[PDB]
Amino acid sequence: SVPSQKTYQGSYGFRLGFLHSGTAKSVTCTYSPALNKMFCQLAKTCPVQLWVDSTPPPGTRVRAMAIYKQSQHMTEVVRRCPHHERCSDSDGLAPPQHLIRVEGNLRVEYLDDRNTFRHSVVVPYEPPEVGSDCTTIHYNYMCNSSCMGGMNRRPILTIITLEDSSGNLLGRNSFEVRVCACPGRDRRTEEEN
Amino acid sequence: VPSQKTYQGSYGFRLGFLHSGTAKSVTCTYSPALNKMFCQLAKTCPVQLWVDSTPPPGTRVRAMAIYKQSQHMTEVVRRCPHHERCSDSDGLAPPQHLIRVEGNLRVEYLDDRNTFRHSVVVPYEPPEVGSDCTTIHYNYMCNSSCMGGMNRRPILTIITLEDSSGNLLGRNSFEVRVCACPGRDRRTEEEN
Amino acid sequence: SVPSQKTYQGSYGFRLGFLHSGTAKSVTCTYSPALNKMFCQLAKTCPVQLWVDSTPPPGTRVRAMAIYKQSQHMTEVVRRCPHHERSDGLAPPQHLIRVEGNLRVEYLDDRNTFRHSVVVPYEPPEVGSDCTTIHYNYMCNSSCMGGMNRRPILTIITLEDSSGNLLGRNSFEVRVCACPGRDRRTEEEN
Amino acid sequence: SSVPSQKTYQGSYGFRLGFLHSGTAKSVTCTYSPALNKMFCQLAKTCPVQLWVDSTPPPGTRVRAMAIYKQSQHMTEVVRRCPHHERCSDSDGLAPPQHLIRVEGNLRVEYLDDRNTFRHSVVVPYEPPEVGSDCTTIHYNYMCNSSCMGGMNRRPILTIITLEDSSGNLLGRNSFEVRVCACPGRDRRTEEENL
Ligand SMILES: C#Cc1cccc(/N=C2/NC(=O)/C(=C/C(=O)O)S2)c1
Ligand SMILES: [Zn+2]
Ligand SMILES: [Zn+2]
Ligand SMILES: [Zn+2]
Ligand SMILES: [Zn+2]
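Protein chains in written order, with UniProt numbering: chain H, 96 to 288; chain B, 97 to 288; chain P, 96 to 181, 185 to 288; chain E, 95 to 289.
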């Protein structure tokens, strides 16, 4: 029973935003609005903005989970390849198997689901900082889309769910992700289609 | 399904609403064209009671929500799990109840023993010196959009006037949308 | 305290136009350019034309509001008499000015001034036509005891953006009477 | 200074801008004054800008548009939409709501909030002229009026069109003044009668 990817703004008007970073040679993470697709480098900072019409209560949580986009691969759990799992890159909080990490958050929590065996990373919701109208989470993707014995060129979605302290669903959104050496070049190439 | 049929009855019982318009700042606004209240979560929703003649002593006013659509009508309207557990409690209303009355310490809440439907009842008070109607302040404690609650399904509120024994004196109804921007949503919905 | 009646064509060159109806016995509404005054019958169609040099943006709105013309009555809210206050399903019973034939009409009791107004979306002229026509109804006679009671009123037509920011304003005096043709002719002979 | 350069540069490919000879008739939604080097256009309406080159730039060449204030005392201020227009819904799903300059009819359009200057710009791939045609046309939309309180607020702006290679190296730059107004025909005629 593949986890739901259906968009749901729900009670708090929950949407995702991304920086308008462009496709310049130097860019480590870039979002294509035309493709609803993030292009990012391995282990590099991937800002995802949370936008709400109304402030969820304290103890609201934000979960990230990867699934395969293709229907024939969707029941397979998205995990790191053997090679990246054994690279000495653990930050002491993230399980070595987990594709998606959060950086800069000491309250981050990781789940190996007892029944689905799917991986996810959860942080407390904090309201926007002074200056901002959105909340930024810094994701790291710890395997390349190309990795043999991992994703192996199969496209993935990230599903961002907003939940209350009791685990009740408040909101859900999703975006395609490609983890690659040259996000700028790969975004430009994929858009020319 | 409880009756929604309009009935002015013996005392000429009608509902009135503030003529608030659709300015960005408006927290609650009524569309006469749609017979539909647009209001924000937990915010004051004035409903006016108009009578041609003063109902008898011990007259009561009940509010009850039903789903508007025929395929959802037998389902009891309640809060979503999330809002049921949230600290938005006045100490009087059951946590499950969508419709509260604010500013009335004589308010009474019912879980109907047989229908399991929720309702909130207040004593009828005649208009204040100067005024021609009685205002009740309703709060809707879930958004129309709430996942695992109304979940975008439209609802009606039914306002019934009853005597002290619970005999029907009068009934009216209006559609409700609980939303972030009532002004914008009323304007948008009227454009159709 | 009192809403502004100062004419303002503003950015879009906003002016009012009226049908050149004359003063024949049969006429239900007639405008005097010499007096800038509409003479109309109770509840009858009052065409008001909106003329613009440039098309205002989508979500532009048109508000109508009545005030008393005389300085000693200007702070009093214009409303219907008790009798007429006692059919259309949309307009509050107290409101003097209604719009007919528009399902998108919106009515306001101002929270702070207690002044009444009616607002419709601006629609551009049809291709070929030069103006937009709104059909107003006045729901009380100028003569009504316990209402306007023979006091003259102005209608103020404001053009506003979707946020309620003023784009344009015009005004015209209104007399609601049994015989607009006769009353216009009589008032002009002065 | 901080301010991005507005200096004209035809550079290696002989890069210059052209505009339609549209005139000042009542109906005209965008009109260019050669005497003033100034585009007069209506909000959200199609603004053709022609790219002329002496020699075809390589594939992966890009064309960026950016607005700056013309006056030296306002030049370090970022040109953006007013609060009012930023919140208006008419959005194409691609352009940030804050961006004054959009490109229409181009699904390969890319928008930049510069991480360090905070300046906005819109980029499209350079395509050579079609069989028959002698120049490349881009369709710009300006999403705020020159008059807008809490935006440009009657301050004149320049649009800077830069030609860059795939690596972001500058190939060419040109500029033109822009007025976004209700009546471009009338406003061009009025502004030209001054001299
Ligand atoms: C033609 C045209 C066009 C396109 C986009 C924006 C615009 N100005 C606007 N001004 C407003 O206040 C409205 C707000 C809203 O988008 O509803 S849109 C005009
Ligand atoms: Zn790997
Ligand atoms: Zn809820
Ligand atoms: Zn009257
Ligand atoms: Zn603006």
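Where is the CB? At the ideal position from N, CA and C, for every residue including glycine.
Can you give me the C-alpha to C-alpha distance between residue i and residue j, rounded to a whole angstrom?
| i | j | result |
| --- | --- | --- |
| residue 127(P) | residue 117(P) | 9 Å |
| residue 105(P) | residue 266(P) | 5 Å |
| residue 203(H) | residue 257(E) | 45 Å |
| residue 284(P) | residue 278(P) | 10 Å |
| residue 158(B) | residue 188(P) | 26 Å |
| residue 136(H) | residue 248(E) | 44 Å |
| residue 228(P) | residue 216(P) | 24 Å |
| residue 120(B) | residue 260(P) | 9 Å |
| residue 210(E) | residue 96(E) | 10 Å |
| residue 208(P) | residue 231(E) | 51 Å |
| residue 212(H) | residue 156(H) | 20 Å |
| residue 214(P) | residue 172(P) | 8 Å |
| residue 242(E) | residue 273(E) | 11 Å |
| residue 153(B) | residue 144(B) | 19 Å |
| residue 149(B) | residue 124(B) | 28 Å |
| residue 276(P) | residue 222(B) | 40 Å |
Any Cβ of chain H within less than 7 Å of the Cβ of residue i?
| i | result |
| --- | --- |
| residue 161(B) | no |
In the DSSP assignment, find the alpha helix (DSSP H) that holds residue i and state where it starts and stops.
| i | result |
| --- | --- |
| residue 207(E) | That residue, residue 207(E), is in no alpha helix (DSSP H); its beta strand (DSSP E) goes 204-207. |
| residue 181(B) | 177-181 |
Look at residue i and residue j and say whether their C-beta atoms are less than 7 Å apart.
| i | j | result |
| --- | --- | --- |
| residue 235(H) | residue 102(H) | no |
| residue 177(B) | residue 108(B) | no |
| residue 164(E) | residue 264(E) | no |
| residue 237(E) | residue 194(E) | yes |
| residue 282(E) | residue 113(E) | no |
| residue 115(B) | residue 206(P) | yes |
| residue 198(P) | residue 191(P) | no |
| residue 146(B) | residue 174(B) | no |
| residue 100(B) | residue 255(B) | no |
| residue 151(B) | residue 220(B) | yes |
| residue 218(P) | residue 239(P) | no |
| residue 271(E) | residue 132(E) | yes |
| residue 138(B) | residue 186(B) | no |
| residue 140(E) | residue 233(E) | yes |
Name the two residues that bound the continuous beta strand (DSSP E) containing residue i.
| i | result |
| --- | --- |
| residue 142(H) | 141-146 |
| residue 278(H) | Element bounds for residue 278(H): not the beta strand (DSSP E) but the alpha helix (DSSP H), 278-286. |
| residue 269(E) | 264-274 |
| residue 110(P) | 110-112 |
| residue 212(B) | No beta strand (DSSP E) holds residue 212(B); DSSP gives it neither H nor E. |
| residue 161(H) | 156-163 |
| residue 120(B) | Taken as a continuous stretch (DSSP letters only), residue 120(B) belongs to no beta strand (DSSP E), as it is neither H nor E. |
| residue 252(H) | 251-258 |
| residue 340(E) | Since the first residue of chain E shown is 95 and the last is 289, residue 340(E) is not available in this structure. |
| residue 135(H) | 132-135 |
| residue 200(P) | No beta strand (DSSP E) contains residue 200(P), which DSSP labels as neither H nor E. |
| residue 231(B) | 230-236 |
Measure from the C-beta of residue i to each C-beta in chain P and report whether the shortest distance is under 7 Å.
| i | result |
| --- | --- |
| residue 276(E) | yes |
| residue 142(B) | no |
| residue 117(B) | yes |
Beta-carbon of residue i versus every beta-carbon of chain B: anything under 7 Å?
| i | result |
| --- | --- |
| residue 108(H) | yes |
| residue 103(H) | yes |
| residue 204(P) | yes |
| residue 201(P) | yes |
| residue 263(H) | yes |
| residue 98(P) | no |
Hey, does residue i have any beta-carbon neighbour from chain E nearer than 7 Å?
| i | result |
| --- | --- |
| residue 128(H) | yes |
| residue 149(P) | yes |
| residue 180(H) | no |
| residue 258(H) | no |
Report yes if the C-beta of residue i is less than 6 Å from at least one heavy atom of ligand 7; otherwise report no.
| i | result |
| --- | --- |
| residue 209(P) | No copy of ligand 7 appears in this structure; the ligands present are ligand 1, ligand 2, ligand 3, ligand 4 and ligand 5. |
Residues near ligand 5, criterion Cβ-heavy atom distance below 7 Å:
175(E), 176(E), 178(E), 179(E), 238(E), 239(E), 242(E) and 245(E)
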